[PDB]
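*Asks:*
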Amino acid sequence: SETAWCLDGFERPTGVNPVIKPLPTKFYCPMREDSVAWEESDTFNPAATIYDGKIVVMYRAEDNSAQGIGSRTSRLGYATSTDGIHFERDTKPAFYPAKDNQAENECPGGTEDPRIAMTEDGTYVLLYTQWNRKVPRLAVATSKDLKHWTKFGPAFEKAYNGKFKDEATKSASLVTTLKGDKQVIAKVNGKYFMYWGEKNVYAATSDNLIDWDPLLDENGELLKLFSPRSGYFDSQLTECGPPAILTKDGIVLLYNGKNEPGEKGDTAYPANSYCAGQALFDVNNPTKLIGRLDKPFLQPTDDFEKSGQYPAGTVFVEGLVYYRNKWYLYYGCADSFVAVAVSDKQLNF
Ligand SMILES: [Mg+2]
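Here full-length UniProt numbering is used: the first residue of the sequence shown is 38, the next is one more, and so on.
(1) On the DSSP bridge assignment, give the partners of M155 in chain order.
(2) What is the DSSP secondary structure of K195, reduced to helix, strand or coil?
(3) Whose C-alpha, out of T119, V221, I106, is nearest the C-alpha of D89?
(4) So which of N296, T242, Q346, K363 has the shortest CA-CA distance to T324?
(5) Can you tell which of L357, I153, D372 has the C-alpha that lies nearest to the C-alpha of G121?
(6) Roughly how many angstroms lie between the CA atoms of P251 and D127, to the nearest whole one?
(7) Can you tell me where the beta strand (DSSP E) holding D218 begins and where it ends?
(8) Would you report the Cα separation of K363 and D218, rounded to the nearest angstrom?
(9) Which residues in the same chain have their Cβ closer than 6 Å to the Cβ of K295, if we skip the five residues on either side of it in sequence?
(10) In its own chain, which residues sit with a C-beta less than 6 Å from the C-beta of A85, not counting the 5 before and 5 after it?
(11) Applying the criterion that 16 or more other CB atoms from any shown protein chain within 10 Å of the CB defines a buried residue, is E143 buried or exposed?
(12) Let me have the residue list for ligand 1: C-beta closer than 6 Å to any non-hydrogen atom, ordered along the chain.
(13) Could you check if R174 is buried or exposed, using at least 16 other CB atoms within 10 Å of its CB as the buried criterion?
(14) So, at 6 Å on beta carbons, what are the nonlocal neighbours of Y229 in its own chain, with the 5 sequence-adjacent residues on each side left out?
(15) Restricting to Cα atoms, I'd like to know which of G199, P151, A196 is closest to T179.
(16) Would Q220 be called buried (16 or more neighbouring beta carbons within 10 Å of its own) or exposed?
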């Protein structure tokens with residue numbers, strides 16, 4: 038099969054979704070200095086990882102402090118599961134804006150759209166968006182326990198004398214691999230590597246997981262590994278999803294395509310909807326694109342995927358774990374809920 042390399046075979050378990058919905062839970066916010074209903078409006082765009090024998094989903098939670106996409110405060114919840122479907126949720130968010138070293142970048146919009154991957158020595162590396170209602174910035178935090186976090190600030194703060202420190206950035210997929218059943222961050226040609234971006238798929242390297250250097254073209258502009266394309270589901274945006282997976286057949290990148298309305302999109306899919314795709318890069322040259330799905334492997338199907346805070350619908354893939362011999366894929370549903378799909382497919386390592 039020409040698509041044998043992809044991680045497909047996903048199925049929504051019958052009747053279980055969504056697995057995380059909003060709740061009226063309160064916590065004392067150090068940014069507001071006030072008790073806030075931190076997950077009252079929408080719970081979506083989740084990171085996922087494995088810690089202490091369980092699946093952990095860290096979901097993007099929004100309060101009702103305003104109406105409109107990007108108008109409120111995002112904080113990350115902490116939910117655990119032993120079956121991938123039923124979650125036990127903390128009442129206090131595990132990650133949030135505060136009067137800390139990142140206050141200016143994260144106030145008042147908070148901390149959005151997390152992805153998590155883990156090093157071989159057990160360090161969780163969180164890539165997320167800082168939102169201060171001016172510029173979204175991709176930033177890095179680390180922890181050993183997913184609760185005691187150190188914030189290191191924007192991923193591109195230092196690179197090339199700060200060239201990109203005030204550019205709008207988000208949505209990063211670190212390269213990982215499986216060593217046996219254990220999913221860990223993997224160097225490519227001696228460097229840590231990630232795919233990142235929303236408007237195109239860009240990349241960056243690092244020696245230390247915190248300071249990242251975006252790949253550039255000959256003019257010193259961001260190198261576009263691939264881009265939105267006329268006539269396909271990913272015709273307006275190509276936005277990186279969960280961490281990438283280095284297999285024997287290439288580096289697999291799950292990503293989110295936004296469909297251009299009308300004839301320059303794929304009219305098989307709803308206008309403006311986000312449906313999930315996959316790309317494949319060469320293991321030795323990780324900027325060399327060697328595969329890309331013509332059609333999405335996941336699309337809005339249930340009513341809470343087809344419309345919500347985002348009216349045109351999303352299945353926004355962002356968390357992915359290998360647990361109890363299966364893949365559990367966590368995705369945002371129309372910027373409003375978290376859902377799971379499960380696959381038995383075994384990739385080649
Ligand atoms: Mg093999």
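Every residue, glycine too, gets a C-beta built ideally from N, C-alpha and C.
*Replies:* A quick look at the data gives this:
(1) In the sequence shown, the residue the question calls residue 155 occupies position 118. According to DSSP, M155 bridges with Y161.
(2) To locate residue 195, count along the sequence shown from 1; it is residue 158. Three-state result, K195: coil.
(3) Numbered from its first residue, the sequence shown carries residue 89 at position 52. Of the listed residues, the one whose Cα sits closest to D89 is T119.
(4) As a first step, residue 324 is located in the sequence shown; it is residue number 287 there, counting from the start. Considering only alpha carbons, the answer is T242.
(5) One-based indexing of the sequence shown puts residue 121 at position 84. Among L357, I153, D372, the Cα nearest to that of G121 is on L357.
(6) Here residue 251 is taken as the residue at index 214 of the sequence shown, counted from 1. Here residue 127 is taken as the residue at index 90 of the sequence shown, counted from 1. Distance between the alpha carbons of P251 and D127 is about 35 Å.
(7) Indexing the sequence shown from 1 puts residue 218 at position 181. First-last for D218: undefined, no H or E at that position.
(8) Your numbering for residue 363 matches position 326 in the sequence shown. Your numbering for residue 218 matches position 181 in the sequence shown. Looking at the two C-alpha atoms, the distance is approximately 10 Å.
(9) Stepping through the sequence shown from its first residue, residue 295 is reached at position 258. Cβ neighbours of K295 beyond the five flanking positions: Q273, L274, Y311.
(10) As a working note, residue 85 is residue 48 in the sequence shown. Excluding positions up to five away in sequence, the list reads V94, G356, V358, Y367.
(11) Here the question's residue 143 lines up with position 106 in the sequence shown. Its Cβ being crowded by 16 or more others within 10 Å, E143 is buried.
(12) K285, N385, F386
(13) By 1-based counting over the sequence shown, the position of residue 174 is 137. Classification for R174: buried.
(14) Looking up residue 229 in the sequence shown gives position 192. Excluding residues within five positions, the ones whose Cβ falls inside 6 Å are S243, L246.
(15) In the sequence shown, the residue the question calls residue 179 occupies position 142. Nearest C-alpha to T179: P151.
(16) On the sequence shown, position 183 is the one that residue 220 refers to. Burial call: buried.
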